[PDB]
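Enquirer: heads up, no residue letters with this:
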Ligand SMILES: Nc1ncnc2c1ncn2[C@@H]1O[C@H](COP(=O)(O)OP(=O)(O)OP(=O)(O)O)[C@@H](O)[C@H]1O
Ligand SMILES: Nc1ncnc2c1ncn2[C@@H]1O[C@H](COP(=O)(O)OP(=O)(O)OP(=O)(O)O)[C@@H](O)[C@H]1O
Ligand SMILES: Nc1ncnc2c1ncn2[C@@H]1O[C@H](COP(=O)(O)OP(=O)(O)OP(=O)(O)O)[C@@H](O)[C@H]1O
């Protein structure tokens, strides 16, 4: 029915601790697999933390809030979603300061938000600048995700795909250096060929096939036209329907259908175009007057894909087909081509410049190989985006966690007041990331973590990390286990933003 | 939820052996079986037992599927498979309790099976002399009709003898399909006889007693009111309009029987009922009309002369008619029957008519006649005869134990148990005759030790002794004993090879 | 509940449970299993692929191992139930060290170290013998004797050896689609043999037909000579039953003009004596058209298949024809003995002694229904084993000689990743010895008696030792002719390391909701 008091403060803790205990052992290169039982008897053995919680239904309101905050975090950056839910479950796991000390959560939130300012200040002190102009330094960053994959045979060519895609989308003139892979870098899959055939072209590709040979095959000066209106029968302002059942109604409708389309098609062929692009659909009779002028028919394109075509050639978006003019020209484009690739037709409006848009063309021997590269390249594109957003790396593999937790201990000696006791609990809760790395390797956890803290005290805090392969401690300056800064900045920010949301809930009530 | 997991595959076949062990022999007991259409039936044939008893265990279904292969290439000894191979799996359980592996019994059974196929030609005493006489044929058939219908073999051994001699000049064509059985209700088995050609129990409904026409057409539709293949809206209002349809029905049927007279066909077979006015039109144009309500009686005629059954109401089709030499009527046993005789042809069709007062009794004679034809259907091959009554079952068990004793190694255990499975068949014959089975086996081995061969069981309730099978006229088929030993050993090695059964979804 | 290591203890019991079931059907001395469909279908097999794919298990963990053997037959075609017996002992021997406090990731790191050393050991024991008739008999004998009750073990070897040897020439790759498998009833199980030509399901049904044609010209046809529709602009109109008799003669006249055209093409091209003519028309043939062709000596066949027509193109050489109006002699072929094989019920046309058919039909005969499906799954496993022997010229000794030799090579081997990977090569050496262990139980001998004798046999030379199925003595696999494939043993060690990893790499099981 309803629940209030201190029970929902402990009820939201065990709801987030249960989600964190599921995917706690799935961290690092030695991530353990998880077995999901379906009602139909199916079993998937995926060890990906985003794939486990997606196929698991939850009923708690706090546990439902735990999944969606990492799902939105997966859409922002393509790496670090498992470390968010682990850190959000460890910060709430020390319930001795929440219930036994009878402390209000406002003291904890004032201690948690004050510890959030020490997260950004410590990571900028252990950071290191990146020479992004050298292509050898960019290869040592993306290689952490290309290992144990089928794309690893072509790592020298697959790295050129993601690096050339992020640089074309990023605009240095705007200052803020925006990269959006979903719009300006729309990836499409083409069957046939091999992995070496996949390259990057500077344009937009249309997956509509060719149904008639009366089209433009090779045009050096493509005259493009964009239109928003439909090419069909004229409908009124009412919501009436079109039903053709009588022979008297079949003649009167088709005579009005032919006379309006021929009046529409006369306005576009007077400019002598090469390819027509309409927003809505194109009827079968509309192609009959269009094939006499040998124009390539392209239909069913979204409004978001329409502006990428207008920025590729420089055309004008015209609302109505009766209002065409001479300014709707595509002068400056490279070549128009309808050449088949593996018995599929594709339209090319590519150019020899950077018209603020691009696409990725994938090829492969089978359709399962097409799905393998697109899930590896999109994971690789978001990691290399964070490097070009800010050229700064952090020592990963638990080295940044012990460097941050060492700075919080010396800061807590000068932090007076009641809030110093939950302030020291965040330093021990940030140690769970190198704790599960030793437990997944199989060595003694407390024997290695105690010597890990002794190396972070006397020696330099930027070195002496954990290697998740052999099970011992190595120096992070020797191996390429470097993490991006913007990934680790949003990881500690979201883990605090989750802990500020679940601890502030003090009542769960119903109502529609 | 698991006790032995190898014993339950054998116990399901031991229940299949018990339903025919007490039903073995001329002194075997009958079985009150219930048909699936809720009909009471009394029989003792081993093939009719498995047809009605829907056995469900798939481990015992291998011996039933071996019985369907036992019915092929030989028509003798279906009860021999369910007794001997049942004794194989029962005696194999005494070896597995000691510690012997199941793969050791398998190779030991196939060794003694090939050894038993060499001793069986040594026991062939007599053979058929190919004289085509009724004295030579009925002397060997008296043993096969025994264990089916005991006491009435003196009338059955002479009737099937007169049928198979008429086919034996047709060399290489003798089969069980040439001798058909048609049951007629009557007094008893003493009034039964044998006729040539195709004989049906129903007489000619027409008034023609003899016709020499060759064209025979069969129509499965009854003689009734004609319905057009189109819609045909026929409406009547007054009594004069009803008489125009009544007289018009007889006038159209007058042209329907005239189309049979136009093609030169004077023999018509009707599956359904015949109207009285249509029966008058058949006798006007001298057409023989025979009513056959049975579908198996109609399907028999299509496979002999080629006359097919057409669903239309008398269509004049010259292509789908049959050909016969002489169709006439004969009065045999106070009942007129129709004979499809072959006068111009040499003839290879014979029909044994059986008489009786009970349909449950006459069906057991039909299984005894078809097993009598199948005894000589085997003897179209190489003629070799073996002594019956358990005479060959002791001598084969005497030589295999003598062979398995001299052979050293671990394989001597499965060879010794292959001989004792042959001892259950005289144990089945002694138990069903009310005699102590332990005394007859000792009396059989004492006379076979001195070399007195061809000694089997004396069929008598008061006499527990034995007698000679050569002087008694008891003789079995060597090919009937050849395929029975081979198929039962191949069936009993299949059950021992399968260890566990797992159900699977399609 | 139970958020602990209990998710591993339930998965190894499904592995131990699937090991104890499938251990009774390895080798020729093993037993068989029955597959009941619930409706009455009975099937007996020893193949572990059909024992896991067709057989349904209730346990969810054991359903994953059923998906392992489906991936085994796609690359090799052998060793599916031997895949289960290794991974059953691999997770059994892992439990001796996990209960002592060792992490399963450490044993996984030792299993990949034992996989690279055992794969390097397979390159030294392989024998690059020249592929001839005699060495392919021993390869076919190790594969076909495990699906046969030892009465067809001698007859079925020469049927599969001579079939693949007739299609292995000019260094061409072996294609299994060139081999046609046909089944016929009313015969014994030992009556199977090889057929040079093809087997058609329906033959000529006419009393005036020739029973055997020694030489003939085969015309490929695909035209329906039955009652067809109009090819000219007309319609089906009739006023009564007499108008239908005029219409059926005006419609069938489009058929018999083509039938007499085949006789005009027969008399033109080789119309003299010592000739022949067979029609291989796939579609239906008019029964009135069968009387018109059989009077001049033409055997007409009807009711064929689509795949059989393509094999008739390679056998005779005639191009597939679609219309009789443009009949031409380049669509004609040639064959040798064209006769009919008579059964108890049906008849089958046999077209052997072809010029260059490039297709061999295997004729498998059986008395029962389940007997036909057992040999059909045996000939597909036997032909794929010899195909692995021709394409991969190196072979390995059989009778478990590789697994005992790999147990000694893995003992004298130190790990180079850590010290705790010493149990990874220890448990991999003990789990590979389950194949001489399970071959003692199926043969009826003691398990530990022949294991000592197979391990004490060592010498200062190259010598392989295996188990004996008859006496239980040490037996050299090269001296008796027991050989396996190098490709099967390479995929055996590769697939066993992957599947035993994934069962060892789970810690929690959750109920999904799609
Ligand atoms: N050999 C190694 N030893 C120890 N740590 C390693 C090793 N290799 C990589 N790592 C670290 O492990 C981290 C990956 O941890 P984890 O699997 O929990 O996150 P993730 O699943 O990669 O995150 P996301 O879900 O965002 O991709 C990497 O950031 C890397 O720094
Ligand atoms: N009166 C008898 N004298 C001697 N032996 C007999 C006698 N009756 C039966 N037998 C023995 O019984 C065995 C065959 O008996 P039986 O007639 O019961 O088989 P069957 O009923 O013909 O088989 P099926 O069920 O196939 O018809 C033979 O071995 C035969 O020696
Ligand atoms: N005559 C023989 N004597 C001893 N061992 C043999 C003999 N023939 C085969 N083997 C052994 O049996 C093993 C194969 O067993 P089996 O044929 O029962 O399974 P399989 O059919 O190979 O399994 P899968 O169908 O999974 O490939 C081989 O490794 C071989 O060493």
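Expert: Looks like it came in fine. Numbers count the residues shown, from 1 in each chain, chains lettered A, B, ... in the order given. Ligands and ions are numbered 1, 2, ... in the order given.
Enquirer: for the closest residue to residue C:175 other than its chain neighbours, what are its contacts?
Expert: Nearest residue to residue C:175 in three dimensions, chain neighbours excluded: residue C:167, at 7.7 Å (CB to CB, 6 or more residues apart in numbering or on different chains). (Each C-beta comes from the backbone N, C-alpha and C, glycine too.) Counting by CB atoms under 8 Å, 6 or more residues apart in numbering or on different chains, residue C:167 touches C:174-175, C:178-179, C:358, C:360.
Enquirer: Give me the domain ranges for chain C.
Expert: C:1-129+C:394-510, C:130-196+C:358-393, C:197-357 (CATH domains of a matching chain).
Enquirer: With distance to residue B:213 added, can I get those in CSV?
Expert: Shown next, in CSV, are those (distance: least, CB to CB, whole Å):
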stretch, distance to residue B:213
domain C:1-129+C:394-510, 49
domain C:130-196+C:358-393, 39
domain C:197-357, 25
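Enquirer: For residue B:229, which of these is the nearest?
Expert: Shortest distance between residue B:229 and those, using CB to CB, is found for domain C:197-357: 9.4 Å.
Enquirer: Okay, strands next: where are they in the stretch 351-500 of chain B?
Expert: Here the stretch 351-500 of chain B has its strands, by DSSP state E, counting those that start in this stretch, at B:385-386, B:455-457, B:466-468, B:476-477, B:498-503.
Enquirer: Whatever residue of the stretch 401-514 of chain C ends up closest to ligand 2: what's its closest spatial neighbour, skipping adjacent residues?
Expert: Nearest residue of the stretch 401-514 of chain C to ligand 2, counting by CB to the nearest ligand atom: residue C:444, 34.5 Å away. Using CB to CB, 6+ apart and skipping residues adjacent in sequence, the residue nearest residue C:444 is residue B:101, 3.0 Å away.
Enquirer: likewise residue B:499?
Expert: Spatial nearest neighbour of residue B:499, chain neighbours left out: residue C:31 (3.9 Å); criterion: CB to CB, 6+ apart.
Enquirer: Run through the residues that contact the residue in the stretch 51-200 of chain A that ligand 3 sits nearest to.
Expert: In the stretch 51-200 of chain A, the residue that lies nearest ligand 3 is residue A:150 (26.6 Å; CB to the nearest ligand atom). Residue A:150 is in contact with A:369, A:372-373, counting by CB under 8 Å, 6+ apart.
Enquirer: And the residue nearest the centre of chain C?
Expert: residue C:380 (1.5 Å; CA atoms, centre = their mean).
Enquirer: For the stretch 151-300 of chain B, which segments count as strands?
Expert: Under DSSP E, counting those that start in this stretch, the stretch 151-300 of chain B gives strands at B:179-185, B:193-196, B:198-200, B:210-211, B:215-219, B:267-270, B:288-291.
Enquirer: So for residue C:341, which of those strands sits nearest?
Expert: Once those are compared by CB to CB, strand B:179-185 is nearest, at 29.5 Å.
Enquirer: count of neighbours near residue B:114?
Expert: Neighbourhood size, residue B:114 [other CB atoms under 10 Å in any protein chain shown]: 10.
Enquirer: Give me the contact status of the helix or strand containing it with chain C.
Expert: In the assignment (DSSP states H and E), residue B:114 maps to helix B:102-119. Yes. On the criterion CB under 8 Å from any CB of the partner chain, helix B:102-119 is in touch with chain C at B:102-104, B:106-107, B:110.
Enquirer: Residue B:213 and residue B:261 touch, don't they?
Expert: No. Look at residue B:213 against residue B:261 with CB atoms under 8 Å: they stay out of range, at 10.4 Å.
Enquirer: distance of the residue nearest to residue C:175 from residue C:202?
Expert: Using CB to CB, to the nearest Å, residue C:167 is found at 27 Å from residue C:202.
Enquirer: Same check on residue B:242?
Expert: For residue B:242, the distance to residue C:202 - CB to CB - is 54 Å.
Enquirer: Done for today, thanks.
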